Structures are given as structure tokens and as C-alpha cells.
Amino acid sequence: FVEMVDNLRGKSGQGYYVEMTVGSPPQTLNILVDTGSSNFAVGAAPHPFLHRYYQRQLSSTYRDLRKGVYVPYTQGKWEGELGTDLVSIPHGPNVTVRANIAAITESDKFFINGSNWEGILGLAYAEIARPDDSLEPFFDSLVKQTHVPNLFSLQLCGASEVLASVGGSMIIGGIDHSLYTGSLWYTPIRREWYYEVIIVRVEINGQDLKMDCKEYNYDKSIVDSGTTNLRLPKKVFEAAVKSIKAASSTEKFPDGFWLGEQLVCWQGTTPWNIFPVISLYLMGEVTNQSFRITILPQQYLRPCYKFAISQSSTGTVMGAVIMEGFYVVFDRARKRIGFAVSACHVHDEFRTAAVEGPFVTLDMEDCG
Ligand SMILES: CCCOc1ccc(-c2csc(-c3ccccc3Cl)c2CC(=O)NC(=N)N)cc1
């Protein structure tokens with residue numbers, strides 16, 4: 001796993017990517033590591049934001065699947081041609097796998113200017129793969145074609161003209177103990193489509209939001225490296241901001257700030273201590289057992305800073321601001337996701353991101 005440490009990079013807010021190669025000879029590309037989707041999709045045609053793309057004609061091992069894929073979503077869309085080719089991760093397991101590849105031929109609002117990645121590596125399950133679940137996801141092909149164990153770890157570390165550079169590690173097939181400190185707590189993967197989990201309770205600076213369990217997962221809750229913010233269902237979001245505004249209160253802020261769209265600055269003078277910590281209690285492996293994940297303002301305020309907690313209409317999304325500061329294990333083989341305090345992770349001399357348990361919680365089976 002030493003070879004996989006720091007194999008991730010990105011620009012704050014533009015996602016983390018790992019270097020991959022596709023085709024023969026090897027075509028080097030930077031791929032967004034996304035646990036919130038299940039397709040291995042790469043630009044395969046010129047685009048204003050792409051400085052390089054996958055060229056099937058140059059790959060002697062490319063095999064067309066004669067089959068298209070169309071993916072529209074609210075902001076725009078991407079469209080591609082299904083194919084198969086040899087795929088490797090230079091700073092990952094020393095193996096090469098034949099995987100499905102969605103060659104993006106046209107798109108709008110898919111790629112991001114300056115993000116430095118040319119495709120996406122959807123690490124979620126087949127159920128949500130496009131165009132349907134018969135298109136085996138990359139990780140599935142990896143495990144089926146190799147000896148690599150059905151599990152991967154993600155240590156997202158976070159972080160002037162330039163958006164800040166972020167780094168992290170994607171350990172495939174295992175758990176690197178030097179990457180975390182303390183104990184690893186696991187929450188069950190409720191269902192194998194998105195990496196769905198169940199939040200049983202949340203508190204702002206030790207104070208319980210006292211909401212019905214179901215509201216925390218209203219619709220669903222997922223662990224998604226492909227999302228920057230901690231996104232909360234409306235009701236939970238409103239309750240969370242009110243509580244945070246209170247905690248901060250000694251400074252007031254433009255609510256354009258609270259809405260994530262606008263920024264805020266001081267100049268190492270930041271009054272972190274004024275902002276409360278956020279604890280998300282996740283269902284434990286044992287019925288009435290749960291554990292908490294606690295994040296600092298250093299995590300939900302991303303650098304000037306922008307409030308990185310936003311409203312969701314699609315359930316809770318534990319994105320980067322949540323994952324950063326924790327070592328997250330996607331234990332697919334045991335249908336669970338483990339959290340441990342990250343070897344990296346920003347923290348002052350008064351508080352620290354934490355992973356603690358157990359905490360017992362009555363019902364919770366019914367938080368789903
Ligand atoms: C931190 C920046 C992340 O940048 C992104 C770039 C593209 C997409 C995206 C466009 S269409 C699409 C997509 C939508 C449905 C199925 C397949 C794909 Cl590739 C995705 C993946 C996605 O939605 N991931 C996610 N929510 N975690 C998402 C984030």
C-alpha cells in the first residue's frame with residue numbers, strides 16, 4: 001500500500017483524481033474518484049476544458065460495445081459510446097483489467113475548467129450504472145479479474161490566484177494503518193447502489209437537533225467523494241444553520257455566506273473557536289449501537305472561506321468536507337463503511353476531528 005499513499009490530487013472544490021491509463025499503449029489520464037456514481041467515463045473527444053482525452057483509435061486493445069449511453073441531469077449532460085479496453089492505475093495495485101469505458105463524445109457542464117481530470121471513476125454499485133445495471137462497474141471488473149480484495153480505502157486530506165491543491169490516498173484492496181489513528185468504526189451499507197448509510201442523530205456543538213431519525217436520511221444518505229459539501233435535507237439543513245448561526249453569533253455574516261454562494265475572510269486570524277463542531281451519529285453494526293463522526297469548522301468552511309454545508313433535495317450527501325479528516329473504508333466485501341480519524345486532517349490546538357463509539361440509540365432500524 002505504500003505505493004498508493006498520496007496517489008490522489010485535486011483542486012479544492014473540483015474533486016480528487018487518481019492517475020489512470022487506458023488502452024495500448026497506455027494513455028495517461030486523470031480520473032475523478034467518485035463513490036457517488038458507478039460509471040468509468042472518460043472524455044474521448046476534444047472539449048474546451050480537456051487538455052487530453054481518450055483516443056480509441058490509438059488503442060490496439062480497444063473493443064467497441066456498439067452501444068451508446070446518454071446521461072442528462074439538471075445542469076447539462078454527457079453522452080458516450082460504450083467500449084471496453086485495458087485499464088490500470090500506476091499508483092495502485094500492479095494489475096491491468098479489461099473494463100467498460102464510456103467514451104464521452106459530447107457533453108455540457110460535465111467537465112470542469114482547470115480541475116485537471118479527464119474522466120470519472122464511478123466506484124458505486126451496478127444498480128445505478130448507466131445505461132443500466134448490466135454495465136459492470138470498474139471496481140467489480142477489478143475484483144472479478146484480479147486477486148485484489150473487494151475493498152478500498154479513501155483518505156481525503158483537503159488542503160493566490162489558484163484554488164488550493166488537495167491531496168489524498170486511495171488504497172485499493174486494503175487498509176493502510178498508518179493512514180489513520182484510533183479505532184475504525186463501521187456503519188452498514190444499507191443497500192448496494194450508492195454507498196448508502198444511516199445517520200441516527202446529529203448534534204451541533206454537543207446539542208442534539210432532536211429531529212425524527214428519518215429526516216436525517218430523508219430519501220437517503222450516502223458517502224460521496226464526488227461531492228464537495230456536506231449536503232443536508234432541507235429540514236435538517238435549516239435546523240443546522242440556525243444552530244450554527246447561534247454558535248457563531250458573535251460575528252454576523254451575509255446570509256449569501258450561509259447559502260454557500262459567498263465567501264469570507266479574515267487574514268491565520270480566523271476565529272475557528274467561534275464555530276461549533278458537527279457530530280453525525282451513524283448506525284453501528286449492532287442494532288442499538290451507533291458511533292459519531294465529529295467535524296470541525298476547518299472542514300465545513302472551505303478556503304477566504306465558503307460555507308461548505310448546503311441544502312439537498314436528494315438526501316444527505318457526506319461529501320469531501322465530511323470525508324476529509326477521516327480515513328474512510330469502503331468495505332464492499334462486508335457491506336460496511338468504516339471511519340477512523342485521519343492521519344491528516346486540519347485541526348487546531350483545542351479541538352480535533354473525531355470518531356467515537358459506541359453510543360446507544362433506541363430504534364434506528366427505522367431511520368431508513
Ligand atoms: C467535486 C467536483 C465533482 O465534479 C463532478 C463532475 C461530474 C459529475 C457528474 C455529471 S453527470 C454524472 C453522472 C450522473 C448519473 C450517473 C452517472 C454519472 Cl457519471 C456525474 C457523477 C455524479 O453525479 N456523481 C455524484 N453525484 N457523486 C459530478 C461531479
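For the numbers below, each heavy atom of this structure counts, side chains included, while hydrogens, waters and symmetry mates do not. Quick note: residue numbers are just sequence positions, from 1.
Contact of the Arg231 side chain with the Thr314 side chain is registered, since non-hydrogen atoms from C-beta on lie closer than 4.5 Å. By the 4.5 Å heavy-atom criterion applied to side chains, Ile204 and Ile244 are counted as neighbours. Here the side chains of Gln299 and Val346 are not in contact, with every heavy-atom distance at 4.5 Å or above. You'll find the side chain of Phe330 stays beyond 4.5 Å of the side chain of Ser225, heavy atoms only. Looking only at side-chain heavy atoms (C-beta outward), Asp176 and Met4 stay at 4.5 Å or farther from each other. Proximity of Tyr186 to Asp331: side-chain heavy atoms (C-beta onward) are separated by under 4.5 Å at one or more points. When side chains are defined from C-beta on, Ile189 counts as touching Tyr125, because their heavy atoms get closer than 4.5 Å.
Between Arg52 and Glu118 a salt bridge is recorded (basic side-chain N to carboxylate O distance below 4.0 Å). Residues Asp6 and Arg9 are paired through a salt bridge, judged by an N-O separation under 4.0 Å between the basic side chain and the carboxylate. Taking 4.0 Å as the cut-off between side-chain N and carboxylate O, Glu203 and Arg201 count as a salt-bridged pair.
Interatomic distance, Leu263 CG to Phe257 CZ, rounded to the nearest 0.5 Å: 9.5 Å. The line from CD1 of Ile198 to NZ of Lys214 is 10.0 Å long, rounded to the nearest 0.5 Å. Distance check: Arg63 CZ to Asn100 CG gives 11.5 Å after rounding to the nearest 0.5 Å. Note: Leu282 CG to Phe339 CZ = 5.5 Å, rounded to the nearest 0.5 Å.
Listed by chain and number, the residues in a salt bridge (charged side-chain N to carboxylate O under 4.0 Å, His left out) with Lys234 amount to none (sequence neighbours excluded). Under the side-chain hydrogen bond (donor to acceptor under 3.5 Å, both in side chains) criterion, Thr96 pairs with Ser88, not counting sequence neighbours.
Note on ring orientation: taking the six-membered ring where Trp is involved, the planes of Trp117 and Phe111 are tilted (angle from 30° to 60°). By the 30° and 60° cut-offs, the orientation of the rings of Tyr180 relative to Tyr327 is parallel.
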Only distances under 3.5 Å count here; give the side-chain donor-acceptor pairs of residues 300-311 to other protein atoms, sequence neighbours excluded, each with its distance to 0.1 Å.
{"from": "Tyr300", "atom 1": "OH", "to": "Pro276", "atom 2": "O", "distance (Å)": "2.5"}
{"from": "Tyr305", "atom 1": "OH", "to": "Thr270", "atom 2": "OG1", "distance (Å)": "2.8"}
{"from": "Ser310", "atom 1": "OG", "to": "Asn229", "atom 2": "OD1", "distance (Å)": "3.4"}

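Paired with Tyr17 under the rule side-chain contact (heavy atoms from CB on, under 4.5 Å), one option of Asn7, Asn116, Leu8, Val33 passes, and it is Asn116. Among the candidates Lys335, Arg332, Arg336, the single residue satisfying the side chain to side chain donor-acceptor pair (under 3.5 Å) test with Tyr195 is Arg332. Looking at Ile199, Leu280, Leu232, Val200 one by one, the single match for side-chain contact (heavy atoms from CB on, under 4.5 Å) with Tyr216 turns out to be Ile199.
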Report task. Step by step, work out the side chain to side chain contact (heavy atoms under 4.5 Å, CB included) result for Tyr62 and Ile101. Result -> CA-CA 10 Å; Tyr62 173 71; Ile101 303 175; 5.9 Å; no

Report task. May I have the step-by-step check of side chain to side chain contact (heavy atoms under 4.5 Å, CB included) for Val197 and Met283, ending in yes or no? Result -> CA-CA 8 Å; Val197 293; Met283 179 187 291; over 6 Å; no

Query raised in the report: Can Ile31 and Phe138 be said to form a side chain to side chain contact (heavy atoms under 4.5 Å, CB included), step by step?
Result: CA-CA 12 Å; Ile31 309 295; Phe138 174 83; over 6 Å; no

Query raised in the report: What's the verdict on side chain to side chain contact (heavy atoms under 4.5 Å, CB included) for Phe326 and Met318, showing C-alpha distance, side-chain angles and the deciding distance?
Result: CA-CA 12 Å; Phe326 299 110; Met318 296 182 242; over 6 Å; no

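Residue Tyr73 is grouped with residue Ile112 when hydrophobic side chains (ILVMFWY) are merged at heavy-atom distances under 4.5 angstrom, including chains of intermediate members. When hydrophobic clusters are built by joining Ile, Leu, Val, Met, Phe, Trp and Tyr residues whose side-chain heavy atoms come closer than 4.5 Å, directly or via intermediates, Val202 is grouped together with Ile337.
Taking every heavy atom of both residues into account, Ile89 and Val18 meet most closely at CG2-CG2, 3.7 Å.
Side chains of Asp224 and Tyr194: a donor-acceptor N/O pair is absent below 3.5 angstrom, by distance only.
The local environment of CZ in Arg334 is sparse, with at most 12 non-hydrogen atoms from other residues, nucleotides or ligands closer than 6.0 Å.
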